[PDB]
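**Q** Below is the file structure_29.txt, which contains compact mmCIF, C-alpha atoms and all ligand atoms.
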```
# COMPACT_ATOMS: atom_id res chain seq x y z
CA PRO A 1 5.92 -57.35 43.20
CA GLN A 2 6.07 -58.91 39.75
CA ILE A 3 4.37 -62.31 39.47
CA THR A 4 5.24 -64.46 36.48
CA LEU A 5 2.62 -66.90 35.20
CA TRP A 6 4.60 -70.07 34.86
CA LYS A 7 2.61 -71.29 37.88
CA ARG A 8 -0.76 -70.37 39.34
CA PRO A 9 -0.58 -66.84 40.89
CA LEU A 10 -1.42 -67.87 44.44
CA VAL A 11 -1.07 -65.51 47.36
CA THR A 12 -1.88 -65.37 51.04
CA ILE A 13 -4.95 -63.37 52.09
CA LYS A 14 -6.40 -62.43 55.45
CA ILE A 15 -10.19 -62.26 55.70
CA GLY A 16 -12.42 -62.33 58.74
CA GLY A 17 -9.39 -63.00 60.94
CA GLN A 18 -8.35 -66.09 58.91
CA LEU A 19 -5.36 -66.73 56.66
CA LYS A 20 -6.28 -68.33 53.36
CA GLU A 21 -4.59 -69.03 50.03
CA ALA A 22 -6.25 -67.42 47.00
CA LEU A 23 -5.75 -67.18 43.24
CA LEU A 24 -5.38 -63.78 41.55
CA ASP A 25 -7.89 -64.03 38.68
CA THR A 26 -8.01 -61.26 36.07
CA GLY A 27 -10.82 -63.26 34.39
CA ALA A 28 -12.98 -62.87 37.53
CA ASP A 29 -15.22 -59.82 37.90
CA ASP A 30 -15.86 -60.69 41.55
CA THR A 31 -14.04 -62.16 44.57
CA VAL A 32 -15.31 -65.53 45.78
CA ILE A 33 -14.21 -67.40 48.87
CA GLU A 34 -15.05 -70.89 50.16
CA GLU A 35 -17.61 -71.24 52.97
CA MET A 36 -16.89 -69.13 56.01
CA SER A 37 -18.77 -66.72 58.20
CA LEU A 38 -18.46 -62.98 57.64
CA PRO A 39 -20.09 -60.18 59.68
CA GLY A 40 -23.02 -58.08 58.59
CA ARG A 41 -25.87 -58.55 56.18
CA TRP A 42 -25.76 -60.52 52.95
CA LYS A 43 -27.94 -61.21 49.95
CA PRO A 44 -28.11 -64.18 47.59
CA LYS A 45 -26.42 -64.08 44.20
CA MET A 46 -25.76 -66.48 41.30
CA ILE A 47 -22.38 -66.33 39.58
CA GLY A 48 -21.36 -68.21 36.48
CA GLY A 49 -18.31 -69.33 34.64
CA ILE A 50 -17.06 -72.50 33.07
CA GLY A 51 -19.32 -75.34 33.98
CA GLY A 52 -22.33 -73.08 34.76
CA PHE A 53 -23.48 -71.24 37.92
CA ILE A 54 -23.28 -71.50 41.68
CA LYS A 55 -25.28 -69.78 44.42
CA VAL A 56 -23.30 -67.51 46.78
CA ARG A 57 -23.84 -65.09 49.62
CA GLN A 58 -22.91 -61.46 48.86
CA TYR A 59 -21.29 -59.45 51.68
CA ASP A 60 -20.45 -55.83 51.09
CA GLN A 61 -17.77 -53.55 52.55
CA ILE A 62 -15.57 -56.40 53.76
CA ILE A 63 -11.97 -55.60 54.52
CA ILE A 64 -9.33 -57.96 53.21
CA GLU A 65 -5.52 -58.07 53.20
CA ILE A 66 -4.06 -59.40 49.95
CA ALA A 67 -0.36 -60.32 49.96
CA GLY A 68 0.13 -57.56 52.54
CA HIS A 69 -2.08 -54.97 50.86
CA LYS A 70 -5.33 -53.80 52.47
CA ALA A 71 -8.46 -53.37 50.42
CA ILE A 72 -12.21 -53.14 51.03
CA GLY A 73 -14.95 -54.44 48.78
CA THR A 74 -17.67 -56.99 48.07
CA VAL A 75 -16.86 -60.59 48.86
CA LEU A 76 -18.94 -63.55 47.68
CA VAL A 77 -19.02 -66.73 49.79
CA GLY A 78 -20.01 -70.13 48.48
CA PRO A 79 -18.98 -73.50 47.07
CA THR A 80 -16.11 -72.32 44.89
CA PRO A 81 -13.42 -74.93 44.20
CA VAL A 82 -10.70 -72.31 44.82
CA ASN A 83 -10.55 -68.93 46.66
CA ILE A 84 -10.48 -66.28 43.91
CA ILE A 85 -9.46 -62.60 44.12
CA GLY A 86 -11.20 -60.88 41.27
CA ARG A 87 -11.00 -57.50 39.59
CA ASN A 88 -13.08 -55.69 42.22
CA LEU A 89 -10.19 -56.07 44.65
CA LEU A 90 -7.27 -56.47 42.25
CA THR A 91 -7.85 -52.82 41.29
CA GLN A 92 -7.59 -51.69 44.87
CA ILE A 93 -4.10 -53.14 45.23
CA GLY A 94 -3.04 -51.48 41.97
CA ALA A 95 -2.58 -54.78 40.12
CA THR A 96 -1.94 -54.57 36.36
CA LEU A 97 -1.25 -57.02 33.54
CA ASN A 98 1.93 -56.19 31.63
CA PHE A 99 3.50 -57.45 28.43
CA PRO B 1 1.34 -52.60 27.16
CA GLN B 2 0.14 -52.23 30.73
CA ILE B 3 -3.53 -53.16 31.33
CA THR B 4 -5.44 -52.00 34.42
CA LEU B 5 -8.38 -54.02 35.65
CA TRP B 6 -11.20 -51.52 36.14
CA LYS B 7 -12.76 -53.12 33.05
CA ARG B 8 -12.50 -56.67 31.72
CA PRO B 9 -9.10 -57.23 30.10
CA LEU B 10 -10.43 -57.98 26.60
CA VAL B 11 -8.13 -58.13 23.62
CA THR B 12 -8.40 -59.04 20.00
CA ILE B 13 -7.01 -62.40 18.93
CA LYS B 14 -6.45 -63.88 15.48
CA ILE B 15 -6.87 -67.58 14.95
CA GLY B 16 -7.57 -69.35 11.59
CA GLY B 17 -7.46 -65.89 9.90
CA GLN B 18 -10.42 -64.73 11.93
CA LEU B 19 -10.46 -61.97 14.51
CA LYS B 20 -12.20 -62.75 17.84
CA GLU B 21 -12.39 -61.10 21.28
CA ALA B 22 -10.84 -62.93 24.26
CA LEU B 23 -10.27 -62.26 27.97
CA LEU B 24 -6.77 -62.38 29.46
CA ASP B 25 -7.27 -64.74 32.41
CA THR B 26 -4.54 -65.29 34.98
CA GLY B 27 -6.92 -67.67 36.82
CA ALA B 28 -7.03 -70.04 33.77
CA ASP B 29 -4.33 -72.69 33.32
CA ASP B 30 -5.39 -73.19 29.69
CA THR B 31 -6.75 -71.28 26.69
CA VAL B 32 -10.36 -72.02 25.84
CA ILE B 33 -12.33 -70.76 22.83
CA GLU B 34 -15.90 -71.13 21.60
CA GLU B 35 -16.80 -73.71 19.00
CA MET B 36 -14.74 -73.18 15.85
CA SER B 37 -12.95 -75.32 13.23
CA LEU B 38 -9.23 -75.94 13.75
CA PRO B 39 -6.86 -78.10 11.73
CA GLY B 40 -5.48 -81.47 12.69
CA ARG B 41 -6.26 -84.08 15.28
CA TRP B 42 -7.68 -83.38 18.69
CA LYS B 43 -7.64 -85.20 22.05
CA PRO B 44 -10.13 -85.23 24.93
CA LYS B 45 -9.92 -83.08 27.97
CA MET B 46 -12.16 -82.20 30.90
CA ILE B 47 -11.74 -78.78 32.39
CA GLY B 48 -13.33 -77.36 35.52
CA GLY B 49 -14.37 -73.93 36.57
CA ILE B 50 -16.56 -72.26 39.09
CA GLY B 51 -19.61 -74.18 38.22
CA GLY B 52 -18.20 -77.66 37.52
CA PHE B 53 -16.74 -79.53 34.53
CA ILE B 54 -17.08 -79.39 30.75
CA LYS B 55 -15.69 -81.59 27.94
CA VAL B 56 -13.47 -79.77 25.41
CA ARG B 57 -11.46 -80.63 22.30
CA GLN B 58 -7.69 -80.15 22.76
CA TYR B 59 -5.69 -79.00 19.67
CA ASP B 60 -1.93 -78.66 19.96
CA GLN B 61 0.55 -76.31 18.20
CA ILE B 62 -2.09 -73.90 16.93
CA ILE B 63 -0.96 -70.55 15.61
CA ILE B 64 -2.67 -67.65 17.34
CA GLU B 65 -2.00 -63.91 17.58
CA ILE B 66 -2.92 -62.22 20.88
CA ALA B 67 -3.05 -58.42 20.94
CA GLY B 68 -0.57 -58.46 18.10
CA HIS B 69 1.80 -60.96 19.78
CA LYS B 70 2.38 -64.30 18.08
CA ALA B 71 1.98 -67.54 20.00
CA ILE B 72 1.91 -71.19 18.96
CA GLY B 73 0.37 -73.56 21.47
CA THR B 74 -2.52 -75.55 22.82
CA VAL B 75 -6.08 -74.35 22.33
CA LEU B 76 -9.12 -76.00 23.89
CA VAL B 77 -12.44 -75.73 22.06
CA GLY B 78 -15.74 -76.11 23.88
CA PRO B 79 -18.77 -74.55 25.52
CA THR B 80 -17.01 -71.74 27.37
CA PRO B 81 -19.11 -68.62 28.10
CA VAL B 82 -16.29 -66.37 26.81
CA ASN B 83 -13.02 -66.90 24.90
CA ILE B 84 -10.21 -67.03 27.48
CA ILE B 85 -6.46 -66.77 27.09
CA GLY B 86 -4.88 -68.71 29.97
CA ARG B 87 -1.42 -69.03 31.37
CA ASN B 88 -0.16 -71.41 28.69
CA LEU B 89 -0.27 -68.59 26.13
CA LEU B 90 0.11 -65.62 28.49
CA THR B 91 3.60 -66.94 29.23
CA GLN B 92 4.39 -67.06 25.52
CA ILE B 93 3.62 -63.35 25.15
CA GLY B 94 5.66 -62.51 28.28
CA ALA B 95 2.72 -61.41 30.43
CA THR B 96 3.16 -60.72 34.14
CA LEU B 97 0.96 -59.45 36.98
CA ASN B 98 2.37 -56.49 38.81
CA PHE B 99 1.43 -54.58 41.96
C1 LIG C 101 -5.91 -83.85 32.49
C2 LIG C 101 -6.46 -82.45 32.23
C3 LIG C 101 -6.86 -81.68 33.46
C4 LIG C 101 -6.69 -80.16 33.40
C5 LIG C 101 -7.88 -79.37 33.92
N1 LIG C 101 -7.58 -78.00 34.33
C6 LIG C 101 -8.56 -77.22 34.82
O1 LIG C 101 -9.70 -77.67 34.85
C7 LIG C 101 -8.17 -75.84 35.31
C8 LIG C 101 -7.77 -75.87 36.77
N2 LIG C 101 -9.27 -74.87 35.18
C9 LIG C 101 -9.04 -73.55 35.15
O2 LIG C 101 -7.90 -73.09 35.25
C10 LIG C 101 -10.25 -72.69 34.81
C11 LIG C 101 -10.25 -72.34 33.31
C12 LIG C 101 -10.32 -73.49 32.31
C13 LIG C 101 -8.99 -74.16 31.96
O3 LIG C 101 -7.99 -73.46 32.26
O4 LIG C 101 -8.86 -75.32 31.54
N3 LIG C 101 -10.25 -71.47 35.62
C14 LIG C 101 -11.40 -70.88 35.91
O5 LIG C 101 -12.46 -71.38 35.45
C15 LIG C 101 -11.24 -69.65 36.80
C16 LIG C 101 -11.38 -69.91 38.30
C17 LIG C 101 -10.92 -71.28 38.72
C18 LIG C 101 -9.57 -71.51 38.81
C19 LIG C 101 -9.06 -72.74 39.18
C20 LIG C 101 -9.97 -73.76 39.46
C21 LIG C 101 -11.33 -73.51 39.37
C22 LIG C 101 -11.83 -72.28 39.01
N4 LIG C 101 -12.22 -68.64 36.46
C23 LIG C 101 -12.16 -68.09 35.14
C24 LIG C 101 -13.54 -67.58 34.75
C25 LIG C 101 -13.52 -67.06 33.31
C26 LIG C 101 -14.99 -66.89 32.83
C27 LIG C 101 -15.18 -65.46 32.40
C28 LIG C 101 -15.29 -67.95 31.80
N5 LIG C 101 -14.07 -66.60 35.69
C29 LIG C 101 -15.14 -66.90 36.40
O6 LIG C 101 -15.66 -68.02 36.37
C30 LIG C 101 -15.75 -65.81 37.27
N6 LIG C 101 -16.99 -65.38 36.64
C31 LIG C 101 -17.24 -64.13 36.33
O7 LIG C 101 -16.40 -63.26 36.48
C32 LIG C 101 -18.62 -63.84 35.77
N7 LIG C 101 -19.22 -62.69 36.40
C33 LIG C 101 -18.53 -63.62 34.25
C34 LIG C 101 -19.90 -63.69 33.55
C35 LIG C 101 -19.78 -64.59 32.33
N8 LIG C 101 -20.99 -65.04 31.71
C36 LIG C 101 -22.23 -65.21 32.15
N9 LIG C 101 -22.60 -64.96 33.40
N10 LIG C 101 -23.15 -65.65 31.29
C37 LIG C 101 -16.04 -66.30 38.70
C38 LIG C 101 -14.79 -66.80 39.41
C39 LIG C 101 -16.70 -65.20 39.51
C40 LIG C 101 -8.42 -80.15 35.12
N11 LIG C 101 -9.47 -81.14 34.91
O8 LIG C 101 -7.94 -79.90 36.24
CL CL C 102 -16.43 -54.28 45.41
CL CL C 103 -5.01 -47.35 38.42
NA NA C 104 -21.49 -55.58 54.92
```
Could you take the file, read its structure, and then write that structure out as structure tokens?
**A**
Amino acid sequence: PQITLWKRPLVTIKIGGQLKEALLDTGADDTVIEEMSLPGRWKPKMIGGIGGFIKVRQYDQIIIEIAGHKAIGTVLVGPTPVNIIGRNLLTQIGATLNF
Amino acid sequence: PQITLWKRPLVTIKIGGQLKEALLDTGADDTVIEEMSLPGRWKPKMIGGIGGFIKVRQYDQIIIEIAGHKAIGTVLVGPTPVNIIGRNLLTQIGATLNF
């Protein structure tokens, strides 16, 4: 699909059996989701952006469905104000910026 | 052009006759650049990101070139970790996300 940017590029995702809304963020290296449980092992991480840093849990090899497209990758879980799909999974769905 | 996301989508911008690097950010409502001098009056804004809120200076109707494409619009100046081009100017250069 082609998403214009007049409004926030929000899509439905499916992660850990749950449907969530998330923002497609080309300015995000990583994917970060609000607090939830995910299976498997995790390790602590700090991620930063505007306003400074937050502590998250890093889960690897997590499968996710993004607007109907399946991908696998690292998912960070923590007190993010918005669910964000970052470049590590945008690539897997073949997303590009075009102008 | 068409930009894939395996690396950060960094472009050159030109503002106040100076060249700078900036990140195309579909997850940003607004354009935010590091401390610099811009003409005219400014107004206060608070913007939030992953780690909380920062105060910025809002300048309207600023001429800026982005990857060779001319835009004229609002630029926020403040303690951002990286220069970001947000949706307010990505729409002016006709950018879309595609997958
Ligand atoms: C009346 C006026 C109000 C308007 C004002 N609007 C905002 O605050 C809006 C929602 N904020 C945003 O749109 C801001 C950008 C700033 C701006 O646009 O103004 N967006 C953002 O900050 C979005 C995510 C987000 C989106 C919506 C809400 C919250 C967060 N992330 C953009 C941000 C760019 C970064 C490189 C500086 N990316 C990130 O923060 C990601 N970080 C990374 O990718 C890091 N690994 C990069 C390392 C950089 N440096 C370092 N470590 N030293 C993170 C998600 C993993 C408000 N107060 O609501
Ligand atoms: Cl990954
Ligand atoms: Cl590709
Ligand atoms: Na895992």
**Q** I need the contact residues of chain B against chain A, so if you could list those with any atom within 7 Å, counting all atoms listed in the file, and return them as a list in words, that would help.
**A** residues 1, 2, 3, 4, 5, 6, 23, 24, 25, 26, 27, 48, 49, 50, 51, 52, 53, 54, 80, 81, 87, 91, 93, 94, 95, 96, 97, 98 and 99 of chain B
**Q** Could you list, as a list in words, all residues that come within 8 Å of ligand CL 102 (chain C)? Count only C-alpha atoms and all ligand atoms.
**A**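 Based on only C-alpha atoms and all ligand atoms, ligand CL 102 (chain C) is surrounded within 8 Å by residues 30, 60, 61, 72, 73, 74, 75, 88 and 89 of chain A.
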**Q** So that I have them on file, write out the residues from the current selection with C-alpha atoms, as a JSON list (two decimals), keeping the file's coordinate frame.
**A**
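Writing done, so here's again-v1.json:
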```
[["chain", "number", "residue", "atom", "x", "y", "z"],
["A", 30, "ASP", "CA", -15.86, -60.69, 41.55],
["A", 60, "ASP", "CA", -20.45, -55.83, 51.09],
["A", 61, "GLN", "CA", -17.77, -53.55, 52.55],
["A", 72, "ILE", "CA", -12.21, -53.14, 51.03],
["A", 73, "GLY", "CA", -14.95, -54.44, 48.78],
["A", 74, "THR", "CA", -17.67, -56.99, 48.07],
["A", 75, "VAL", "CA", -16.86, -60.59, 48.86],
["A", 88, "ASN", "CA", -13.08, -55.69, 42.22],
["A", 89, "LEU", "CA", -10.19, -56.07, 44.65]]
```
**Q** Show me as number ranges by chain the residues that reach within 12 Å of (-19.4, -63.9, 59.6), counting only C-alpha atoms and using the file's own coordinates.
**A** A: 15-18, 35-42, 57-60, 62, 75-77
**Q** With C-alpha atoms retained, could you export that selection as a PDB file, in the frame of the given file?
**A**
```
ATOM      1  CA  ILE A  15     -10.190 -62.260  55.700  1.00  0.00           C
ATOM      2  CA  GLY A  16     -12.420 -62.330  58.740  1.00  0.00           C
ATOM      3  CA  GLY A  17      -9.390 -63.000  60.940  1.00  0.00           C
ATOM      4  CA  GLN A  18      -8.350 -66.090  58.910  1.00  0.00           C
ATOM      5  CA  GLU A  35     -17.610 -71.240  52.970  1.00  0.00           C
ATOM      6  CA  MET A  36     -16.890 -69.130  56.010  1.00  0.00           C
ATOM      7  CA  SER A  37     -18.770 -66.720  58.200  1.00  0.00           C
ATOM      8  CA  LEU A  38     -18.460 -62.980  57.640  1.00  0.00           C
ATOM      9  CA  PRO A  39     -20.090 -60.180  59.680  1.00  0.00           C
ATOM     10  CA  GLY A  40     -23.020 -58.080  58.590  1.00  0.00           C
ATOM     11  CA  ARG A  41     -25.870 -58.550  56.180  1.00  0.00           C
ATOM     12  CA  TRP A  42     -25.760 -60.520  52.950  1.00  0.00           C
ATOM     13  CA  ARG A  57     -23.840 -65.090  49.620  1.00  0.00           C
ATOM     14  CA  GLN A  58     -22.910 -61.460  48.860  1.00  0.00           C
ATOM     15  CA  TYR A  59     -21.290 -59.450  51.680  1.00  0.00           C
ATOM     16  CA  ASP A  60     -20.450 -55.830  51.090  1.00  0.00           C
ATOM     17  CA  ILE A  62     -15.570 -56.400  53.760  1.00  0.00           C
ATOM     18  CA  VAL A  75     -16.860 -60.590  48.860  1.00  0.00           C
ATOM     19  CA  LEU A  76     -18.940 -63.550  47.680  1.00  0.00           C
ATOM     20  CA  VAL A  77     -19.020 -66.730  49.790  1.00  0.00           C
TER      21      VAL A  77
END
```
**Q** Which RMSD value, in Å, follows from superposing chain A onto chain B on all C-alpha atoms in order by least squares?
**A**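 Result of the CA superposition: 0.4 Å.
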**Q** May I ask for the distance between atom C6 of ligand LIG 101 (chain C) and atom CA of residue B:83, given in Å to one decimal place?
**A**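 We find that atom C6 of ligand LIG 101 (chain C) and atom CA of residue B:83 lie 15.0 Å from each other.
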**Q** Rounded to one decimal in Å, what is the spacing between atom CA of residue B:66 and atom CA of residue B:33?
**A** 12.9 Å
**Q** Please indicate the distance in Å from atom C20 of ligand LIG 101 (chain C) to atom CA of residue A:34, rounded to one decimal place.
**A**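 Atom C20 of ligand LIG 101 (chain C) sits 12.2 Å away from atom CA of residue A:34.
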**Q** Extract stretch 19-41 of chain B from the preceding block and save N, CA, C and O atoms as a PDB file, in the first residue's frame.
**A**
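What follows is the written file result.pdb:
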```pdb
ATOM      1  N   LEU B  19      24.620  23.812   4.886  1.00  0.00           N
ATOM      2  CA  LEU B  19      24.235  22.436   4.668  1.00  0.00           C
ATOM      3  C   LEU B  19      24.305  21.697   6.000  1.00  0.00           C
ATOM      4  O   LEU B  19      25.276  21.875   6.759  1.00  0.00           O
ATOM      5  N   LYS B  20      23.334  20.853   6.295  1.00  0.00           N
ATOM      6  CA  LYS B  20      23.304  20.026   7.497  1.00  0.00           C
ATOM      7  C   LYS B  20      22.801  18.636   7.110  1.00  0.00           C
ATOM      8  O   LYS B  20      22.220  18.470   6.022  1.00  0.00           O
ATOM      9  N   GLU B  21      23.015  17.650   7.977  1.00  0.00           N
ATOM     10  CA  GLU B  21      22.429  16.317   7.768  1.00  0.00           C
ATOM     11  C   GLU B  21      21.158  16.192   8.583  1.00  0.00           C
ATOM     12  O   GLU B  21      21.093  16.730   9.717  1.00  0.00           O
ATOM     13  N   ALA B  22      20.120  15.532   8.086  1.00  0.00           N
ATOM     14  CA  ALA B  22      18.886  15.355   8.841  1.00  0.00           C
ATOM     15  C   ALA B  22      18.316  13.965   8.498  1.00  0.00           C
ATOM     16  O   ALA B  22      18.583  13.387   7.430  1.00  0.00           O
ATOM     17  N   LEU B  23      17.489  13.459   9.403  1.00  0.00           N
ATOM     18  CA  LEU B  23      16.863  12.149   9.271  1.00  0.00           C
ATOM     19  C   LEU B  23      15.414  12.307   8.831  1.00  0.00           C
ATOM     20  O   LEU B  23      14.661  13.055   9.472  1.00  0.00           O
ATOM     21  N   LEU B  24      15.008  11.632   7.761  1.00  0.00           N
ATOM     22  CA  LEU B  24      13.588  11.648   7.398  1.00  0.00           C
ATOM     23  C   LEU B  24      12.785  10.802   8.373  1.00  0.00           C
ATOM     24  O   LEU B  24      13.053   9.594   8.461  1.00  0.00           O
ATOM     25  N   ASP B  25      11.845  11.403   9.099  1.00  0.00           N
ATOM     26  CA  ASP B  25      11.223  10.694  10.228  1.00  0.00           C
ATOM     27  C   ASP B  25       9.711  10.635  10.138  1.00  0.00           C
ATOM     28  O   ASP B  25       9.027  11.595  10.529  1.00  0.00           O
ATOM     29  N   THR B  26       9.161   9.516   9.640  1.00  0.00           N
ATOM     30  CA  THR B  26       7.699   9.470   9.533  1.00  0.00           C
ATOM     31  C   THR B  26       6.989   9.432  10.877  1.00  0.00           C
ATOM     32  O   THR B  26       5.795   9.680  10.951  1.00  0.00           O
ATOM     33  N   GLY B  27       7.688   9.144  11.956  1.00  0.00           N
ATOM     34  CA  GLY B  27       7.214   9.083  13.323  1.00  0.00           C
ATOM     35  C   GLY B  27       7.289  10.444  14.025  1.00  0.00           C
ATOM     36  O   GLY B  27       6.963  10.554  15.218  1.00  0.00           O
ATOM     37  N   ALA B  28       7.678  11.520  13.330  1.00  0.00           N
ATOM     38  CA  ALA B  28       7.738  12.879  13.845  1.00  0.00           C
ATOM     39  C   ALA B  28       6.640  13.732  13.182  1.00  0.00           C
ATOM     40  O   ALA B  28       6.533  13.818  11.961  1.00  0.00           O
ATOM     41  N   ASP B  29       5.801  14.378  13.999  1.00  0.00           N
ATOM     42  CA  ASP B  29       4.805  15.275  13.467  1.00  0.00           C
ATOM     43  C   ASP B  29       5.471  16.523  12.869  1.00  0.00           C
ATOM     44  O   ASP B  29       5.024  17.107  11.881  1.00  0.00           O
ATOM     45  N   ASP B  30       6.550  16.967  13.498  1.00  0.00           N
ATOM     46  CA  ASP B  30       7.213  18.229  13.298  1.00  0.00           C
ATOM     47  C   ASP B  30       8.691  18.053  12.939  1.00  0.00           C
ATOM     48  O   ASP B  30       9.272  16.990  13.171  1.00  0.00           O
ATOM     49  N   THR B  31       9.244  19.121  12.384  1.00  0.00           N
ATOM     50  CA  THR B  31      10.674  19.183  12.032  1.00  0.00           C
ATOM     51  C   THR B  31      11.424  19.850  13.170  1.00  0.00           C
ATOM     52  O   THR B  31      11.040  20.942  13.631  1.00  0.00           O
ATOM     53  N   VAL B  32      12.493  19.186  13.613  1.00  0.00           N
ATOM     54  CA  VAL B  32      13.265  19.706  14.743  1.00  0.00           C
ATOM     55  C   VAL B  32      14.756  19.719  14.431  1.00  0.00           C
ATOM     56  O   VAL B  32      15.294  18.688  14.052  1.00  0.00           O
ATOM     57  N   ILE B  33      15.418  20.854  14.607  1.00  0.00           N
ATOM     58  CA  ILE B  33      16.836  20.953  14.309  1.00  0.00           C
ATOM     59  C   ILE B  33      17.602  21.466  15.515  1.00  0.00           C
ATOM     60  O   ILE B  33      17.056  22.143  16.391  1.00  0.00           O
ATOM     61  N   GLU B  34      18.883  21.162  15.551  1.00  0.00           N
ATOM     62  CA  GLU B  34      19.783  21.551  16.625  1.00  0.00           C
ATOM     63  C   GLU B  34      19.940  23.059  16.668  1.00  0.00           C
ATOM     64  O   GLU B  34      19.611  23.697  15.658  1.00  0.00           O
ATOM     65  N   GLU B  35      20.395  23.557  17.802  1.00  0.00           N
ATOM     66  CA  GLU B  35      20.516  24.992  18.003  1.00  0.00           C
ATOM     67  C   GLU B  35      21.182  25.653  16.805  1.00  0.00           C
ATOM     68  O   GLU B  35      22.239  25.208  16.350  1.00  0.00           O
ATOM     69  N   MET B  36      20.528  26.657  16.276  1.00  0.00           N
ATOM     70  CA  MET B  36      21.008  27.459  15.158  1.00  0.00           C
ATOM     71  C   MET B  36      20.269  28.804  15.135  1.00  0.00           C
ATOM     72  O   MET B  36      19.248  29.002  15.785  1.00  0.00           O
ATOM     73  N   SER B  37      20.764  29.804  14.413  1.00  0.00           N
ATOM     74  CA  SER B  37      20.097  31.097  14.359  1.00  0.00           C
ATOM     75  C   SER B  37      19.165  31.142  13.148  1.00  0.00           C
ATOM     76  O   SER B  37      19.566  30.754  12.024  1.00  0.00           O
ATOM     77  N   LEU B  38      17.938  31.571  13.365  1.00  0.00           N
ATOM     78  CA  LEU B  38      16.938  31.674  12.312  1.00  0.00           C
ATOM     79  C   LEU B  38      16.297  33.050  12.402  1.00  0.00           C
ATOM     80  O   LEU B  38      16.218  33.616  13.506  1.00  0.00           O
ATOM     81  N   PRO B  39      15.872  33.595  11.280  1.00  0.00           N
ATOM     82  CA  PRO B  39      15.303  34.948  11.328  1.00  0.00           C
ATOM     83  C   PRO B  39      13.900  35.015  11.886  1.00  0.00           C
ATOM     84  O   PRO B  39      13.195  34.021  11.814  1.00  0.00           O
ATOM     85  N   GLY B  40      13.527  36.199  12.399  1.00  0.00           N
ATOM     86  CA  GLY B  40      12.183  36.474  12.798  1.00  0.00           C
ATOM     87  C   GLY B  40      11.870  36.140  14.241  1.00  0.00           C
ATOM     88  O   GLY B  40      12.756  35.859  15.062  1.00  0.00           O
ATOM     89  N   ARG B  41      10.567  36.191  14.517  1.00  0.00           N
ATOM     90  CA  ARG B  41      10.080  35.901  15.862  1.00  0.00           C
ATOM     91  C   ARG B  41       9.913  34.402  16.061  1.00  0.00           C
ATOM     92  O   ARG B  41       9.666  33.673  15.096  1.00  0.00           O
TER      93      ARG B  41
END
```
